[PDB]
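> Sharing an experimental structure here, sequence included.
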2 protein chains.
Amino acid sequence: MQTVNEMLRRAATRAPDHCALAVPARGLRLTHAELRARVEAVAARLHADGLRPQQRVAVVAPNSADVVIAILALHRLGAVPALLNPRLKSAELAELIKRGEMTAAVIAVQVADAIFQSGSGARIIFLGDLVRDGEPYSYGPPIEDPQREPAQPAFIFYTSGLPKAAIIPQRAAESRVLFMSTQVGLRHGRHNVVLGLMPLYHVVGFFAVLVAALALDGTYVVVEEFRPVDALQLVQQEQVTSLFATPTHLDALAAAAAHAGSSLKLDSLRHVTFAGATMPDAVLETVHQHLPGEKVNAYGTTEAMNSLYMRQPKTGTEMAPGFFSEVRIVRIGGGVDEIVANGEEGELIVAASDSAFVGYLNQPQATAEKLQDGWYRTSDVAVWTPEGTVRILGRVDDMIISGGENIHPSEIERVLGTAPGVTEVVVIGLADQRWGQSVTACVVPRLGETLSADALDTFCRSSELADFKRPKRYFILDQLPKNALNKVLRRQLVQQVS
Amino acid sequence: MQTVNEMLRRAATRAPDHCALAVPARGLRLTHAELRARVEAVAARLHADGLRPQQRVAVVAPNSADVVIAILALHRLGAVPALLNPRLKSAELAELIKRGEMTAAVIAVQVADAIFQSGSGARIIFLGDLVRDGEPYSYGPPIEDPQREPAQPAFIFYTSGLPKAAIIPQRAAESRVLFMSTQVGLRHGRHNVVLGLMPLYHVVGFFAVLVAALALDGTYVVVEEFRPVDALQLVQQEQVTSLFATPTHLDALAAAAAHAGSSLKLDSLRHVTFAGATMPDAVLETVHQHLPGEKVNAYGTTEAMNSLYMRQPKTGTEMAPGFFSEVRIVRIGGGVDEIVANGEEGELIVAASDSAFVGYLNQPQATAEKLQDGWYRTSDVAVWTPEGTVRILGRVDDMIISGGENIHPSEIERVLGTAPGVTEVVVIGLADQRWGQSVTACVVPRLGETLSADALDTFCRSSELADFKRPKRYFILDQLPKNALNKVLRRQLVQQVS
Ligand SMILES: O=C(O)c1ccc(Cl)c(Cl)c1
Ligand SMILES: O=C(O)c1ccc(Cl)c(Cl)c1
């Protein structure tokens, strides 16, 4: 295998004086050699404080040169980084670190108060005490490089109840990186300038963006806070070659690009990648119109990384498997061998091979639901298009079944979201009748505007929606319950209105 | 890990009806699904005949759809293919199969007589008895897929005394393929049409060309016999996207392209790759002038596959390490830690990691000379250019040392090869004086022409060669002893003239 540490180590020998990390904000740059030296010193220092291989260390911080150093430091030492969204509640993080039987928690954030106070036996470490603006606090001699095994735990990332801790084995790193090469077209070389828009607590943010940038002997441009025009300036100033960004980021960037024109020079940008299954047609339309480079839509999971893709996508929902991947669509709640007839909907399952997680930390029931007989079960519904591509319909858990009929709220949400006066819409099935459940739309109006159940129904009737798909009821609301990091709490909304 | 068989298996699920193998000669095409079915049937059939996993099977055949089937069949069964240049002597092949304690030999070639007659206990199998023009002889039920281990032997390839049998472990396949992606820029997709110019008994021919083509869900175009204009027609007719070819092939192709013009449409060709360390400037010049696509010079070995490269090369001798690779230049005949001062010549050594061979079959002395402390020793001399790239000088074994001075015959050969009237030149050091050895040129004249020691000396004196580098003596010959498959027997030549 080639571990993260090895990939970065090897890169450093090939390009020791090339720029690894650029923070144009802080006027900060570090070469590959310089980035190693800090990874080594922060490593030795943690090791001098008692930290040993295989011990789990929480990391809770916004993106920064300093957290990159700390994370690779931890990995280099041998410890297992558990990367947590800093947007979680104090209560939630404290609980996850408690449940994770974690040895320490590297933080930058009162959240510190909470950890102490949860009972958890985790030594609270402030990121600024380890490294500041790329400058580490050094003490102790250099340390061993511990032996790493292919199935051994390497990194922990959390899913989208509470988030589950997916364990990423050592042998997963390489294909978690190289799919950026086989699917997206990135190649080895110092031409590589990669914009760090994706957060580091997400597997794409970490493997596909940070580690890929360094392992191809390129440069990772750190972004602490996303501002659309600022980011487009970075593309121009840094000669950015690729960006991987969220649907929301791209909408921002496309419109700023449009309301710029050839004001900004974006020619260096050859790759614009995104997980755009949930991306509305209109945004995608603006992406092709107003941003340069080859566009690649990508489908993946925390659990198995990349499973599908499309170069130059027409819709955001249909994609095909790439290198490393093997995929099936099976009857919902059936065995991994129950393939569906072509054109019938089912669950997307992907082979659980090198890139796959080895289980959810301390949750073997969840694991046995998800890893069956060598497959990973996405919980996503899909259909095989006549063109031989996979169309993603929505989550199994959001699927409304009304009068014995599969209805996917995301479809309806895409239609309703275009209705004049609508700012947000979530479609849910109410425990009810006609039967099983009834299609219900919950809609927030634009600032100042009214909405009408009647007018929205009229709008739907003029749309493409098949009859049975149309909402039977409308609730107009000032707000949707969003404390799963935005993400709507579909379950909790149902409770609120029923 | 992802083994050859797995890479091809997975591809077949993603692209079952896409064309895997095209033989435009025989008007033959096979989809990925169809190629699996024959691999399975030839597998079961060999297994029904007694063949078991880990048993070594010799393969001696020119390139063809049929040998591709047989080789993958053997691999799929579990047997270990030992691929041998069909241009070797009957005596030599019989001896290698004897030494290789090989269970059977799949052949297409009197060579059959010799094997029987060498004592060797190897069941002689004619390729036409297993599969004919893509059509296999089937019998027996389908068979198990045997368990494969990362360090377990997978394939045997022979070096350039007699050829040594380098054992290629299961875990080597992936990076032996994916360097075509990280260095050369190939990406996954059915756009991939790969021209099979390289022979299948060479690791590039096999991993970088055949397996890469199929594993990226593309098409391998079979070429039984290389004809320059024919091959350029194939590019046009088949929409070839990449070719990997020898220096000799490219010279042919460039001149045929030139003596064609836009007669031939070559636009589909995006990648022209070559191992061009020994490639003369003039040929390279014609390659950039007359062939399209990005040109990539690549350095590699049977033992460790790809170790260096250059996009858009200016000379053929200077290259830089890519993804997977780690490299050093050490003092000749010294420890792997004896790095040289920058600008001093030494031996190129490359880290022995996933892609590396695990040893030479039945030759542990040779192995211990070659695999030391985690490195693979190339036996090639190199220098680090001030630009931070590796300049390959020539083999350690051809290096002439005259008056305590390193002289590389390939350099002198490149100069002398341009001298009017010279068809071939080999430079050797004669056991002699001034001292140690004396630089001697052996030159074959062009058909009908004379050569003069005096005129060649005059030519050299007008060249770039530093004084001490100039040949002290000239032997004009009608022929150079070439029975190491062309390749000159430098040792044997020395004997002839001394
Ligand atoms: O969380 C996701 O959507 C996700 C996770 C991993 C990958 Cl590779 C992708 Cl393309 C998407
Ligand atoms: O035999 C060679 O020259 C050779 C072997 C393997 C590779 Cl990858 C290359 Cl680029 C060249």
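Arrived safely. Residues are numbered from 1 along each chain as shown, chains lettered A, B, ... in the order given. Ligands and ions are numbered 1, 2, ... in the order given.
> mind checking the SS state of the residue in the stretch 51-200 of chain A positioned nearest to ligand 1?
With Cβ to the nearest ligand atom, the shortest gap between the stretch 51-200 of chain A and ligand 1 falls at residue A:179, namely 6.6 Å. To be clear about C-beta, it is placed using only N, CA and C from the backbone, and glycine gets the same treatment. Here residue A:179 is helix, with the state taken from DSSP: H, G, I helix; E, B strand; the rest coil.
> How about it, nearest residue that isn't a chain neighbour?
residue A:306 (4.1 Å; Cβ to Cβ, 6 or more residues apart in numbering or on different chains).
> Only the C-alpha atoms, please, for the helix or strand hosting that neighbour, written as PDB.
Residue A:306 is part of strand A:305-311, with elements assigned from DSSP states H and E. Taking Å, rounded to 0.1, in the frame of the first residue of the first chain, the C-alpha atoms of strand A:305-311 are listed here in PDB:
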ATOM      1  CA  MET A 305     -15.400   7.600  -1.400                       C
ATOM      2  CA  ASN A 306     -15.900   7.900  -5.200                       C
ATOM      3  CA  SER A 307     -18.500   5.600  -6.800                       C
ATOM      4  CA  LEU A 308     -19.800   7.500  -9.900                       C
ATOM      5  CA  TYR A 309     -19.100  10.400 -12.200                       C
ATOM      6  CA  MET A 310     -19.800  12.300 -15.400                       C
ATOM      7  CA  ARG A 311     -17.500  14.600 -17.500                       C
END
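> Which elements pack onto it?
Strand A:305-311 is packed against helix A:173-182, strand A:294-301, strand A:318-319, with contacts defined by 3 or more Cβ pairs under 8 Å, 6 or more residues apart in numbering or on different chains; DSSP states H and E.
> Adjacent strands (with direction) for the last one?
Neighbouring strands of strand A:318-319 in its sheet, by DSSP bridges, are strand A:390-395 (antiparallel).
> Could you verify that residue A:485 is part of a strand?
No - counting by three-state DSSP, residue A:485 is not found in a strand; it is coil.
> ok, it - contacts?
A:85, A:87-88 (Cβ atoms under 8 Å, 6 or more residues apart in numbering or on different chains).
> can you tell me how far it sits from residue B:478?
Note on residue A:485: its distance to residue B:478, by Cβ to Cβ, to the nearest Å, is 81 Å.
> re earlier: among the contacts of residue A:485, which are within reach of chain B?
Among the contacts of residue A:485, none lies close to chain B by the criterion of Cβ under 8 Å from any Cβ of the partner chain.
> just to revisit the earlier point, give me the beta-bridge partners of the residue nearest to residue A:179?
The partner residues for residue A:306, given DSSP bridges, come to residue A:300.
> what residues are up against it?
A:176, A:179, A:183, A:208, A:298-300, A:322, A:324-325, A:355.
> Over to residue A:137?
A:45, A:129-131.
> Out of those, the closest to ligand 2 would be?
Nearest to ligand 2 among the contacts of residue A:137 is residue A:131, at 39.4 Å by Cβ to the nearest ligand atom.
> Verify the contact between that closest one and residue A:64 for me.
No - here residue A:131 lies out of contact with residue A:64, judged by Cβ atoms under 8 Å, at a distance of 9.5 Å.
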